[PDB]
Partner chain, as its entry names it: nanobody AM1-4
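Read the single chain below, which is given as structure tokens and is the form solved without its partner chain.
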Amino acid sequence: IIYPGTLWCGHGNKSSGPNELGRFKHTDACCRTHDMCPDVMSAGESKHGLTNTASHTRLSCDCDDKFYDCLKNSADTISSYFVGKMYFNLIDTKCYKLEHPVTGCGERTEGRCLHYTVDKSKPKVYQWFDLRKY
């Protein structure tokens, strides 16, 4: 599904070229860059010792954070608000990143764990994490 008025917001993209943007050019730009994330793992793919069991793509946390900021700064506020709430709040996805082994949490916003505890004595390993609420 791709959100009408955009070419890149949703599963994959329906752009005819790498540089095409939709009607909502600010919101779509944020999704375009998101889709072009250097490190992603497709549905059912296995990477960094992890495996994405979702029916949608899951990306590195760096890309997901940049996406968050992009949307919050987008001039197309109505469509960005919709895409932002959907992605970060309603589809219950996760991102991966290299971090010290996690030990605990302090539900920095219930439902999800934003200030988890790590063991700083053990080398970093790829793990799954919750996103901030939009």
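Residue numbers count along the first chain shown, from 1. Each form is matched to the other, and the largest set of C-alpha atoms that superpose within 1.5 Å is called the rigid core. Residues that one form lacks are left out of the comparison.
Enquirer: Do the C-alpha atoms of 90 to 98 or of 63 to 71 have the higher average B factor in the entry?
Expert: Between 90 to 98 and 63 to 71, it is 90 to 98 that shows the higher mean C-alpha B-factor.
Enquirer: If you average the CA temperature factors over each stretch, which comes out higher, 17 to 25 or 107 to 115?
Expert: Comparing 17 to 25 with 107 to 115, the higher average CA B-factor belongs to 107 to 115.
Enquirer: According to the deposited entry, which of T57, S79, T53, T33 has the largest Cα B-factor?
Expert: The listed residue with the largest C-alpha B-factor is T53.
Enquirer: Can you tell me whether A43 has a C-alpha B-factor in the lowest, middle or highest third compared with the other modelled residues of the same chain?
Expert: It falls in the top third of the chain.
Form deposited with its partner chain bound: not shown, discussed below.
Enquirer: Can you tell me whether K122 touches its partner chain? I mean in the entry with it bound, with a 4.5 angstroms heavy atom cut-off.
Expert: No, no contact at 4.5 Å.
Enquirer: Can you tell me if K97 lies within 4.5 angstroms of its partner chain in the entry with it bound, counting non-hydrogen atoms only?
Expert: Because a heavy atom of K97 falls inside 4.5 Å of its partner chain in the entry with it bound, the answer is yes.
Enquirer: Can you name the residues of 101 to 126 that have a heavy atom within 4.5 Å of its partner chain in the entry with it bound?
Expert: Residues within 4.5 Å: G106, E107, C113, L114, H115, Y116, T117, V118, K120.
Enquirer: Can you spot, among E107, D62, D69, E99, the one with a CA shift of 2 Å or more between this form and the one not shown after core superposition?
Expert: So the residue whose C-alpha moves 2 Å or more is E107.
Enquirer: Relative to the superposed rigid core, which consecutive-residue segments of length 3 or more display CA displacements of 2 Å or more between this form and the one not shown?
Expert: Flagged stretches (3+ res, CA at least 2 Å): 90 to 92, 106 to 110.
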